[PDB]
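Data block below; observations after.
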Amino acid sequence: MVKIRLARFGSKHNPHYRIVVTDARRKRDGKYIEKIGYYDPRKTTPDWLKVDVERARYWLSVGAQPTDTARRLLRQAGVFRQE
Amino acid sequence: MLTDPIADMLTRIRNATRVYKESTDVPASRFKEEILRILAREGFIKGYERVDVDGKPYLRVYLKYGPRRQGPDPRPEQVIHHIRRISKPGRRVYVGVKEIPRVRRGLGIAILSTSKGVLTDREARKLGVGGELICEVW
Amino acid sequence: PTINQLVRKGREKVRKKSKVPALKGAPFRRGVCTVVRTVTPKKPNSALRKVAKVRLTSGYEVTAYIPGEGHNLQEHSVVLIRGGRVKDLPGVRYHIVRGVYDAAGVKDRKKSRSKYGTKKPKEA
Amino acid sequence: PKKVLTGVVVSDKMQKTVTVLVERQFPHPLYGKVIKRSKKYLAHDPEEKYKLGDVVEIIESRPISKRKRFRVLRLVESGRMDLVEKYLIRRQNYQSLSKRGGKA
Amino acid sequence: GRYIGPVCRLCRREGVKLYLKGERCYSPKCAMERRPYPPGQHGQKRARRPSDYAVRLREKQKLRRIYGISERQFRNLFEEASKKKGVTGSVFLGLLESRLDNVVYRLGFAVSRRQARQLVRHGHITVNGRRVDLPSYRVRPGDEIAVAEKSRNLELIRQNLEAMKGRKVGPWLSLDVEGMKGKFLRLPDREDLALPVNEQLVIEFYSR
Amino acid sequence: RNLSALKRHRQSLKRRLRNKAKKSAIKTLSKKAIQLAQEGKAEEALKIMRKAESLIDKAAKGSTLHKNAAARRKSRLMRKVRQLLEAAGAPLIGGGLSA
RNA sequence: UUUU
RNA sequence: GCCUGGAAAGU
RNA sequence: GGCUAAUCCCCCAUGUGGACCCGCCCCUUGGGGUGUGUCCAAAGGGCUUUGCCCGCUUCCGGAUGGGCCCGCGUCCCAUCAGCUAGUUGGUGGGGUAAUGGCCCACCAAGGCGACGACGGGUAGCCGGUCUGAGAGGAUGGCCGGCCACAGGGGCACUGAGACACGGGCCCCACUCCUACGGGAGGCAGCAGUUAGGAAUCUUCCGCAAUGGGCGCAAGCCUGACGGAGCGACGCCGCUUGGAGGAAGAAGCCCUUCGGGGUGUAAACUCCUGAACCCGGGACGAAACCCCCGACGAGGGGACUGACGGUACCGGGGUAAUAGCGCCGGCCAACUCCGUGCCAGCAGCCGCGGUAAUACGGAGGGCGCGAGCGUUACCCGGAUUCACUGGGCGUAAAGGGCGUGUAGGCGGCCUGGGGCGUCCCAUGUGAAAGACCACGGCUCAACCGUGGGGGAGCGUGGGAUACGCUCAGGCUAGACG
Ligand SMILES: [Mg+2]
Ligand SMILES: [Mg+2]
Ligand SMILES: [Mg+2]
Ligand SMILES: [Mg+2]
Ligand SMILES: [Mg+2]
Ligand SMILES: [Mg+2]
Ligand SMILES: [Mg+2]
Ligand SMILES: [Mg+2]
Ligand SMILES: [Mg+2]
Ligand SMILES: [Mg+2]
Ligand SMILES: [Mg+2]
Ligand SMILES: [Mg+2]
Ligand SMILES: [Mg+2]
Ligand SMILES: [Mg+2]
Ligand SMILES: [Mg+2]
Ligand SMILES: [Mg+2]
Ligand SMILES: [Mg+2]
Ligand SMILES: [Mg+2]
Ligand SMILES: [Mg+2]
Ligand SMILES: [Mg+2]
Ligand SMILES: [Mg+2]
Ligand SMILES: [Mg+2]
Ligand SMILES: [Mg+2]
Ligand SMILES: [Mg+2]
Ligand SMILES: [Mg+2]
Ligand SMILES: [Mg+2]
Ligand SMILES: [Mg+2]
Ligand SMILES: [Mg+2]
Ligand SMILES: [Mg+2]
Ligand SMILES: [Mg+2]
Ligand SMILES: [Mg+2]
Ligand SMILES: [Mg+2]
Ligand SMILES: [Mg+2]
Ligand SMILES: [Mg+2]
Ligand SMILES: [Mg+2]
Ligand SMILES: [Mg+2]
Ligand SMILES: [Mg+2]
Ligand SMILES: [Mg+2]
Ligand SMILES: [Mg+2]
Ligand SMILES: [Mg+2]
Ligand SMILES: [Mg+2]
Ligand SMILES: [Mg+2]
Ligand SMILES: [Mg+2]
Ligand SMILES: [Mg+2]
Ligand SMILES: [Mg+2]
Ligand SMILES: [Zn+2]
């Protein structure tokens, strides 16, 4: 079961994730299928959350469940909003 | 047997020029001619023409030099200084346009034979098609 | 050589021979002693230098040289090898580390101190 | 896509198979000179169709046996020993160059 | 701790003037003023023709010995310059000048570089507002370098910044003596400085 | 010690047995199916070839024979049966075969 | 014989 | 110890 | 031995469908469709119980992961030259998810090797990493990919998947219990111990965050991980104070006994004020959940931090670590005394036997600085294995000479093919790293964001000068 989750990339006391599509069984920071965003827990910059959707929507269009945190951020970018 | 004519021709030239000869024959061969053609164009030689000796076809090649210098050794400067063969039999050398060389930071030439024909480097670079290097000359 | 030949045999590389088989290649090797003989210099030198035979931890029995004015090296003391040739005494390729184990560094040494292992003298 | 090679049929003894010598050719990685070099592939010929010394196309294929992963696509040129000969002789050069020496 | 010690002496060892004490190194006492012979016993004795290397080394020191920096820091800056575009030798200087600690001196909020350096590790300075206690900080072009709205009212500062009234300042720089403000305009281009040094040797020195 | 999920082993053997069972059954039949054709008993041979078939697919259902394994078994069997059944005979009850 |  | 520049030998 | 429940096992049914044999059609290795025959399904549980949820069964497909196969590439020795019987191929068979001497019976007598087989040595491979002008050389540690191993060897069961690190069985070596019969074990998981060594850390905190397993969820587990701790082991930032201050204290040193040196250095005056104290005090954490809307979209609310009373903010506030190497030339920095081929130095050339800038000490000087030196190892310099980029008359180096096998090399002209060679397009070349720009931590080291490049390799199309091949022709090479 492929997933859409977050991967650690910052430093000590410094995080930075990648909203990435991988196969559950991989290491967290191991090899993934496709990066599809990044999240900055501390909004250190005027930009802490890009995502893209045409893509997210793709993997969602096929398996790839997302971590709850994944979804959270992943949604904040209206991956689901269809008003 | 004549291992490699081209090498041979460039040599014949390399030689005669040093003794300051006027002409200098060489066994005729289309390609050889094609080479000379450039030399002429690039202004390294007073040109050349087809001839006959013993009854076989040669290429009188009219050499070019500088003017008498002053003081010791009034021998003219060689219009053609350097001039060596690069791709010899058993060690063919091929370059793709992106690899063609800067013969003498500009002042020299390099003769490539290409699928478009024999031609100077910049010429090649122009038509954008490398091939076989034939002889750094300058 | 012709290219063809170069293609056939190529170029022999070069195995660089060591000069300090303290083995394990390690920086230093621990040993113990045997002799504490004196040695005559060669070439145009004359004197008597503090040498030592050593049964190493690497199962070796190499001869190490003792530096500095005077020593305290017993005949059953644990010394420390650090390798260093010695022009005058052919055969002695390793030095001792005056300052560890039973090396008890040189005494009353002001200048080059870290070499000869001696704690800094106080100025009361 | 499925690889394809060309070469002569240096061996025929094996039933339903053929040794196909395939000469490759290229520039030396470091010294330049284009060194020629080769390899022998055992093609699978089901109708003992092809004979000795015929150039053929060799096609990459699902396994027929250990030491046998190719089928004979088709016949390129028919008959022409020499090539075989050069091959047979080299096998001969080997002669006794070990205790006494090869032969000439 | 960059150097720290007999300074108006290095002036002597370099046989020229570097002005390490800011003031005083201006009056009849920078020693170079009568006693230009380097330190030590063998100072007055006749000099021996120097080695190409000798020179190289002396020059690098002179210049690096001015800004009072570590061979370490110094080196990394040059190595950084090497890696960049433009007449490397120059650029080096640029970086060198952008060292805030320098700038605070360039704007004379302090007598010399040393003293300047201290007014920084002590927070008396600022850039765009926020405080900064890193001499090594590299002022970009367009940053404002003032004084602590609190620390402003200091003797040392008033004293110095006051004596800066109607004083001409570097062309790549400018200031407002009024509110202790200031400003970094452009990277002083080679010509702008008058450093008693052939930096084109500092280049040579780092090769061999 | 005691890593409470030894239960898996425990379970393991319990299964091993249920499996071994199903197969042995398939084999003994399969073999049987042959001797009948082999000899010539057509209607009879078919009848068993049939059971065999079933027994197999059956096994295929659980984590036993599973897959094409089931399939092979079948073909390999329906193969020879039809074959040795060739020396006279003719589908007397055309059990599982067709023509 | 040795050594500068 | 003597001599040699100083040694080894010799005394 | 006996009793018993189930989503545990079994039989009969329904057969969308699907499996298998024979025939047929399209395709073309075992792909797709079709007809008769035969064969094969299922599980139930939950509540807001009469419809919703978790779940089961059969088939087609998506996605992710993987097996198998092939071209090319991958160290040293030829003081290793012949190797091979399941060995090479065939037919039938077994076996697997699947091809295959993978394994078997039978038939054939092959298969590989100097382009280096076979044997010996050594070794996880790669992205990369160090070095280098580049070509290269060296290396494969942290991080990421693949491989292999789990005391040594062998084996298989169960499973979608294993021949399975914390599962099983046997043989072995060793440790412990032992009523001597027979048993229990396996840190190359975290930490810790002991040994070996020149040398390598805490029996730490927590699940809060990220990720994972199971569960509807609540939640549980999680030595993965997130943090702290010990080690200047490395990199980066910072302090040991700033301004003044005699034509110049003293002490030590040198002296042409006038003086010269350490030295603006100190003492001392004034300023700032690391440490250290007091107050406040963080992001990282908003989801799962719950309520509103239908458990969707959207909205609302609540809970929850190990690091931490830490970072950071304001206040007060003390002049408060400096050491190590070298000073004959190479190599930047010189004078006195001690000592006399001694004691000793030493990277190389070399210094010391009575004036030593080379030994040891002091003064002074150079270098670098919480570091500095030493040993070891790698690239460099070294065009000193030379492809770029070397040589062989006398320096090391032409084989004692020939004949000729393989191989390398191959004159002039025309045409064909297009292997080499060159050009265009496209695919590939993961991330990290590297390089440029910008951004986040006060700077930096560190990190983030975006960009550009890239050899080689595959596919499609093109060019034909040179090389190759085929075909014709020539006579200047060669031969007669
Ligand atoms: Mg001597
Ligand atoms: Mg010394
Ligand atoms: Mg269980
Ligand atoms: Mg003599
Ligand atoms: Mg002597
Ligand atoms: Mg004497
Ligand atoms: Mg019972
Ligand atoms: Mg069931
Ligand atoms: Mg049924
Ligand atoms: Mg190994
Ligand atoms: Mg080089
Ligand atoms: Mg094992
Ligand atoms: Mg399972
Ligand atoms: Mg199974
Ligand atoms: Mg395994
Ligand atoms: Mg274990
Ligand atoms: Mg452990
Ligand atoms: Mg020990
Ligand atoms: Mg979790
Ligand atoms: Mg950790
Ligand atoms: Mg002062
Ligand atoms: Mg928050
Ligand atoms: Mg929770
Ligand atoms: Mg919501
Ligand atoms: Mg010097
Ligand atoms: Mg003396
Ligand atoms: Mg020295
Ligand atoms: Mg000394
Ligand atoms: Mg530091
Ligand atoms: Mg080299
Ligand atoms: Mg060498
Ligand atoms: Mg060469
Ligand atoms: Mg040479
Ligand atoms: Mg010789
Ligand atoms: Mg000869
Ligand atoms: Mg000879
Ligand atoms: Mg030709
Ligand atoms: Mg040829
Ligand atoms: Mg082509
Ligand atoms: Mg490409
Ligand atoms: Mg990359
Ligand atoms: Mg990047
Ligand atoms: Mg910034
Ligand atoms: Mg054509
Ligand atoms: Mg012809
Ligand atoms: Zn001064």
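Here the Cβ positions follow ideal geometry from the backbone for every residue, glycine too, while neighbour counts run over all protein chains shown. Taken together, the values in this text are just the output of simple stated rules run on the coordinates, not laboratory data.
Using only Cα atoms and rounding to the nearest 10 degrees, what angle (0 to 90) does helix B:5-19 make with the longest principal axis of chain B?
Orientation of helix B:5-19: about 30 degrees from the principal axis.
Filter the cross-link list E:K150/E:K183; E:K29/E:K62; C:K17/D:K36; C:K13/D:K68 down to pairs whose alpha-carbon distance in this structure exceeds 29 Å.
On the way: E:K150/E:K183 20 Å; E:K29/E:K62 20 Å; C:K17/D:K36 37 Å; C:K13/D:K68 39 Å.
Violating the 29 Å Cα-Cα cut-off are C:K17/D:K36; C:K13/D:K68.
Mind checking the mean number of beta-carbon atoms from other chains within 10 Å of the Cβ atoms in B:86-94? Intermediate results must be reported in sequence, preceding the final value.
Numbers: counts 0, 1, 1, 1, 7, 9, 4, 2, 3.
Average per residue, whole number: 3.
What is the distance, in nm, between label points placed 7 Å from the Cα along the Cα-to-Cβ direction at E:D176 and at F:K67?
It works out to 8.1 nm between the two label points.
Among B:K46/B:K88; F:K20/F:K58; B:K88/D:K39; E:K60/E:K83; D:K3/D:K66, which pairs are too far apart, with a Cα-Cα distance over 24 Å?
Values: B:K46/B:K88 27 Å; F:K20/F:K58 14 Å; B:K88/D:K39 28 Å; E:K60/E:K83 19 Å; D:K3/D:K66 19 Å.
Violating the 24 Å Cα-Cα cut-off are B:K46/B:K88; B:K88/D:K39.
Which FRET efficiency, nearest 0.05, do E:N128 and E:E71 yield, Cβ-Cβ r, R0 41 Å?
Numbers: r = 32 Å, r/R0 = 0.77.
Between E:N128 and E:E71 the formula returns 0.85.
Mind pulling the angle between the C-alpha long axis of helix B:30-41 and the longest principal axis of chain B? Nearest 10 degrees, somewhere in 0 to 90.
Taking the Cα atoms of chain B, the angle to B:30-41 is about 70 degrees.
At 222 nm, what helix-only mean residue ellipticity would chain B give, in deg cm²/dmol to the nearest 500, using -39500 (n - 2.57) for each DSSP H run of four or more?
Numbers: 3 runs with 34 residues, N = 138.
So the helix-based figure for chain B works out to -7500 deg cm²/dmol.
In region E:171-208, whose amide N lies under 13 Å from the spot 7 Å out along Cα-to-Cβ of E:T88? List them in ranges.
From region E:171-208, the list is E:200-208.
For helix F:68-84, report the angle its Cα long axis makes with the longest principal axis of the Cα atoms of chain F; keep it between 0 and 90° and round to the nearest 10°.
The angle comes out at about 30 degrees.
Hey, which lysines would be in cross-link range of A:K12, C-alpha to C-alpha under 17 Å, not counting anything within fewer than 8 residues on its own chain?
A:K43
Let me make sure I get this right: for region E:104-167, a, b and c are the square roots of the gyration tensor eigenvalues over alpha carbons, sorted descending. Under 1.5 in a/c it's rounded, otherwise prolate if a/b > b/c, else oblate. Which is it?
Values: a/c = 1.43, a/b = 1.36, b/c = 1.06.
Note, shape of region E:104-167 comes out rounded.
Taking a 30 Å limit on the Cα-Cα distance, which of the listed pairs A:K31/B:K98; C:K16/C:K42; B:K32/B:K64; C:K50/C:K119; C:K24/C:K120; D:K49/D:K103 fall beyond it? Don't jump to the answer; show the numbers that get you there.
Working: A:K31/B:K98 36 Å; C:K16/C:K42 27 Å; B:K32/B:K64 18 Å; C:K50/C:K119 23 Å; C:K24/C:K120 33 Å; D:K49/D:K103 35 Å.
Long pairs (Cα-Cα over 30 Å): A:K31/B:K98; C:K24/C:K120; D:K49/D:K103.
Quick check on region B:81-138: what does the Kirkwood estimate of hydrodynamic radius come out to from the alpha carbon pairs, in Å?
Details: mean 1/r = 0.0903 Å⁻¹.
That comes to 11.1 Å for region B:81-138.
If you line up the Cα atoms of the protein assembly as shown on their principal axes, what length do they span on each, largest first, in Å?
Between the extreme Cα coordinates on each principal axis of the protein assembly as shown lie 134, 105, 89 Å.
Need one word for chain D: rounded, prolate or oblate. Basis is the Cα gyration tensor (sqrt eigenvalues a ≥ b ≥ c); a/c below 1.5 gives rounded, then a/b vs b/c decides. Please report the intermediate quantities before stating the final value.
On the way: a/c = 1.85, a/b = 1.29, b/c = 1.44.
Verdict is oblate for chain D.
Say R0 is 56 Å: what FRET efficiency, to the nearest 0.05, do B:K88 and A:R26 get from their beta-carbon distance?
Details: r = 55 Å, r/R0 = 0.98.
Approximately 0.55, to the nearest 0.05.
If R0 is 25 Å, what FRET efficiency do you get for F:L13 and F:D57 from their C-beta distance, rounded to 0.05? Mind showing how you got there, number by number?
Numbers: r = 26 Å, r/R0 = 1.03.
Once rounded, the FRET efficiency stands at 0.45.
Using only the Cα atoms of region E:33-127, build the gyration tensor, take square roots of its eigenvalues as a ≥ b ≥ c, and label the shape rounded, prolate or oblate: rounded if a/c is under 1.5, else prolate if a/b is larger than b/c, else oblate.
Details: a/c = 2.88, a/b = 1.35, b/c = 2.14.
In terms of gyration-tensor shape, oblate.
At a Cα cut-off below 26 Å, give the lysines reachable from C:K122, other chains included and same-chain residues fewer than 8 away excluded.
Within the straight-line cut-off, C:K122 pairs with C:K107, C:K110, C:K111.
Using 16 Å as the cut-off for backbone N distance, which residues of region C:44-76 belong to the label zone defined by a point 7 Å from the Cα of C:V36 along Cα→Cβ?
Answer for region C:44-76: C:49-55, C:64-76.
Going by how many other beta carbons lie within 10 Å of each one, how would you line up F:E43, E:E162, fewest first?
On the way: F:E43 13, E:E162 9.
In order of increasing Cβ crowding within 10 Å: E:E162, F:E43.
Going by how many other Cβ atoms sit within 10 Å of their own, how do F:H66, C:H71 line up, fewest first?
Numbers: F:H66 11, C:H71 21.
Fewest-to-most Cβ neighbours within 10 Å comes out as F:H66, C:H71.
From the convex hull of the Cα coordinates of chain A, what is the mean projected area in square nanometres?
On the way: hull surface 23.0 nm².
Projected over every direction and averaged, the Cα hull of chain A covers 5.8 nm².
Label points 7 Å out from Cα along the Cβ direction at C:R15 and C:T2: separation in nm?
Label at C:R15, label at C:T2, 3.1 nm between them.
Hey, fewest Cβ within 10 Å first, where do A:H16, F:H9, B:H82 land in order?
On the way: A:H16 17, F:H9 9, B:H82 13.
Fewest-to-most Cβ neighbours within 10 Å comes out as F:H9, B:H82, A:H16.
Identify the residues of region C:69-86 with backbone N under 15 Å of a label point that sits 7 angstrom from the Cα of C:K53 along the Cα-to-Cβ direction, or state none.
The answer is C:75-77, whose backbone nitrogens lie closer than 15 Å to the label point.
Taking the Cα-to-Cβ direction at B:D4 and at D:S96 and moving 7 Å from each Cα, how far apart do the two end points lie in nm?
With each label placed 7 Å out from Cα toward Cβ, I get 4.2 nm.
In terms of the ratio Rg/(2.2 N^0.38 Å) built on C-alpha atoms, what value belongs to region C:3-69?
Details: Rg = 20.0 Å, N = 67, 2.2 N^0.38 = 10.9 Å.
Taking the Cα Rg and dividing by 2.2 N^0.38 Å, one obtains 1.84.
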